[PDB]
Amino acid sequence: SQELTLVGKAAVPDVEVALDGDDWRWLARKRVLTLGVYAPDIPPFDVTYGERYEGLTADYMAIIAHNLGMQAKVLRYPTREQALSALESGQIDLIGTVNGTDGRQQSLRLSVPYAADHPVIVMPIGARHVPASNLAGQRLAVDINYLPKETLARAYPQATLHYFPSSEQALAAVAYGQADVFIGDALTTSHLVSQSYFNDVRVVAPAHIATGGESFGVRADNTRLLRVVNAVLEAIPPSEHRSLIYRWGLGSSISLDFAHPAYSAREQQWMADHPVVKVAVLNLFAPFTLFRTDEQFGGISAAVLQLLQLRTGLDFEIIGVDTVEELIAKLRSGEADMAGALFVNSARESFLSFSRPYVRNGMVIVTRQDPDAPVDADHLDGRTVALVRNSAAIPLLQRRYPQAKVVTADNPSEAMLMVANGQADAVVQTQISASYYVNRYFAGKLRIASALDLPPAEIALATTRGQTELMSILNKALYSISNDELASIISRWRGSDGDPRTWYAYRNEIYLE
């Protein structure tokens, strides 16, 4: 048994609480409300530093203590089973961070969940669709602390269970090939994946295992305490439930109230008749559409398409082409049902329909890092400037900067290589794309001279205009995707500027021996 002091957010909200005048005076004499917490310490619920207790459970404990005029105390127990006994004594009035599988005890009763929480199914980036076959033949990794061994076994009997000390270890397994699937807590998964594993795994569906959200547990006879705690929790508005979830960085898990878009008669029967949708993408349009060292589809678009898959349940199959002219070709003929990423273009709006854009970004001209390179975009007079053939930018550019000499290339990658080779003085790119390339691969060879005085580029999904049922389905889904998820996705694709030259250097010395 260890005592801790509760820090849980600076400004704790006031909820409208309605209690029996007899309930209030009971609380008044009780003085101290004691929460008990336990062994592993599983973020974001439980976070321990020094003598201080904090976390999502801490925060609701804070909300309960504050709105009931109570002094909060915290004791921390070496194991979950010792904590359960601490409740019985009852040395402590509340136990923290318990779900549906701990009461499930009958010795203990659960408060209304203070945190919405359900189990989710995680698979590697490549994996397509849920094994709706109830994960048969799969190696299913789980936190030993999350679900009871036989809840899984009953729900996934043809799956091979493999238990790990922690949620992270289970998830690591799926990332690094020791397991095929992960089942885990939605909140903690969201944390783990967003922080640093989003390249390795993805949340693919909810699991058909019922757990309660996260709750406080109160000893079974203590029917009065359950009343007054629930009095508070029920009064917490959803805005506060949400606000706290964003703060612990679990913004990715809001979406996990999963199926959300309401679909038409005409739309969902289309979805039955077209379970697989064919997407055309550019092979070298980084960081928007690309293929990794894995031969795997990747980039901002690949990330968004994956979410669209979560929202619609469609299975996207990706077809990669080298040039833009080819991409449109496959779109017209129906070889491809949709474009993964196209700049919104009024010219092609003749025959194409664009989704709600999911990237809006400004443009820049990239030059070599020679003394002779155009110093900035206002000094483009008589210099050769690379653009992609038939770009919406091309008319606009020679309108704004007429002394600039436009030369065209087939795809965005060749346009940039022209500048790297000496065949051009500048190339027009989105800031995201240019920023990316310059610091990542061309440190000390290329540079962003300046912005262009053009309107911002918009990147979207595209279909042929006839494709009406698809586009309304995509747009419905795209609307369900918040700009926070898009920003999280984009910024983590742009990344940060490190020191690739020191490490090009190390890879090169090693190659000599």
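Residues carry their position along the shown sequence, with the first being 1.
When the two stretches 394-402 and 173-181 are set side by side, the higher mean Cα temperature factor goes to 394-402. Legend: mean Cα B-factor per stretch from the PDB entry, 201-209 versus 361-369; the higher mean is in 201-209. Highest CA B-factor among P119, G90, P412, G249, as stated in the entry: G90. Reading the B-factor column for the CA atoms of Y38, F45, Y479, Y60 in the entry, the top value corresponds to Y38. The deposited CA B-factor of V15 belongs to the middle third of values across its chain. Ranked by Cα temperature factor within the chain, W24 sits in the highest third according to the deposited record. Per-chain ranking of the deposited C-alpha B factor places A272 in the highest third. Ranked within its chain, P455 lands in the lowest third, by CA B factor from the PDB record. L470 sits in the highest third of its chain by CA B factor, as recorded in the PDB entry.
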